[PDB]
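Okay, so here's just one chain, in structure tokens, the form deposited in one PDB entry.
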């Protein structure tokens, strides 16, 4: 059975809590305002915006009392050809010591800030463009479309368009205005600028979610929950954004329910990557933000193939759960995938 009400309850069980949600919204708003009024950075910071799984509504609730990772981008107007990533980061230390003493730390390519219930993960970026192109992009980064701290599932009317305003109509801006325009950020382990296009990833996710009738971001969270619940029998990677990317790739447009979507995306994953699995290899998958980047670049072939075996086992269960014509039996199969956060029907 599809058990749509039980899937809805499951999803409510695995979203970050309201306490966490309000903490990161307050945290982002307060960080943005402090940066905006901090005299040494006033003319450097273009925008401070919420990104990552929290922004895309693809984040799951941490286990126990762990704090969610909340990704934040600071957009600067620094010239990346004259300043290194660490030059840009160095500018923020007095700010962090003034407003977050004892609660921040450098974490390689980003800054970690500990709030009461969440952990902010701040990356410092720059705009590679110059002149009028730069000004047009700065206008986009300063718009409500970028500055909203609500997540995708809270604002299905959201579009990437400097003229979008919250529904207290418009479409995404023409691709020529943003598609070929990534930011640069620090590379993970070395002091060089790499490209990243979080706005394009967010827009792609919102659109995929629309194309999939609202089931895509829920399926991402459900599969992340499966991976966590079955972590002993799965490789450590993929997880996080590469896992999300594999799910968005495997899912077809037109999804009509969670249960159907799970079976379809698992079946498609297995047929699409069968040859790669037979070759003991891994796929090269273009990032939706920066086309020439392989999202799977750090994933090993061994981990991809162990993951493929895990999906192959999961798909048998999911097919049986969907096919079962009895509510209790069906729910017990779904719980074989997801654990007890997936509720039994009444």
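Positions refer to the first chain, counted from 1. Definition used throughout: the rigid core is the maximal C-alpha set that superposes within 1.5 Å between two forms. Shifts are known only where both forms have a C-alpha.
**Q** Across the other PDB entries of this protein that model residues on both sides of residue 253, is it left without coordinates in at least a third of them?
**A** No, residue 253 is modelled in every other compared entry.
**Q** Taking only the other compared entries that model residues on either side of residue 169, decide whether it is unmodelled in at least a third of them.
**A** Yes: coordinates for residue 169 absent from at least a third of the compared entries.
**Q** Between residue 168 and residue 169, how many residues of the deposited sequence have no coordinates in this entry: none, 1 to 3, 4 to 9, or 10 or more?
**A** In the record, 4 to 9 residues between residue 168 and residue 169 lack coordinates.
**Q** Do the C-alpha atoms of 87-95 or of 245-253 have the higher average B factor in the entry?
**A** According to the entry, 87-95 carries the higher average C-alpha B-factor.
**Q** Name the higher of the two by mean Cα B-factor in the PDB entry, 206-214 versus 100-108.
**A** The stretch with the larger mean CA B-factor is 100-108.
**Q** With respect to the C-alpha temperature factors reported in the PDB entry, which of 71, 233, 129, 192 ranks highest?
**A** Comparing C-alpha B-factors across 71, 233, 129, 192, the maximum falls on 233.
**Q** Would you check the entry's CA temperature factor for residue 155 and let me know if it's in the chain's lowest, middle or highest third?
**A** Highest third of the chain for residue 155's C-alpha B-factor.
**Q** Would you mind ranking residue 49 by its C-alpha B-factor against the rest of the chain and naming the third, lowest, middle or highest?
**A** Lowest third.
**Q** Name the third of the chain's ranked CA B-factors that contains residue 303, choosing lowest, middle or highest.
**A** Its C-alpha B-factor belongs to the middle third of this chain's values.
**Q** Using the temperature factors of the C-alpha atoms in this entry, rank residue 269 within its chain: lowest, middle or highest third.
**A** Middle third - that is where residue 269 ends up once the chain's C-alpha B-factors are sorted.
**Q** Relative to the other modelled residues in the chain, which third contains the C-alpha temperature factor of residue 36: lowest, middle or highest?
**A** Highest third, going by the recorded CA B-factors of the chain.
Another form exists, deposited in another entry; not displayed. Remarks below refer to it.
**Q** Superpose on the rigid core, then report which one of 156, 231, 81, 116 has a CA displacement of at least 2 angstroms between this form and the one not shown.
**A** Among the listed residues, the one whose C-alpha moves by 2 Å or more is 116.
**Q** Would you say residue 187 moves its Cα by 2 Å or more between this form and the one not shown, aligning on the core?
**A** Yes; residue 187 is a residue whose C-alpha shifts (by 2 Å or more) between this form and the one not shown when the cores are overlaid.
**Q** Using the rigid core for the fit, write out the stretches of 3 or more consecutive residues with CA shifts of 2 Å or more between this form and the one not shown, ordered by sequence.
**A** Runs shifting 2 Å or more: 114-116, 186-190.
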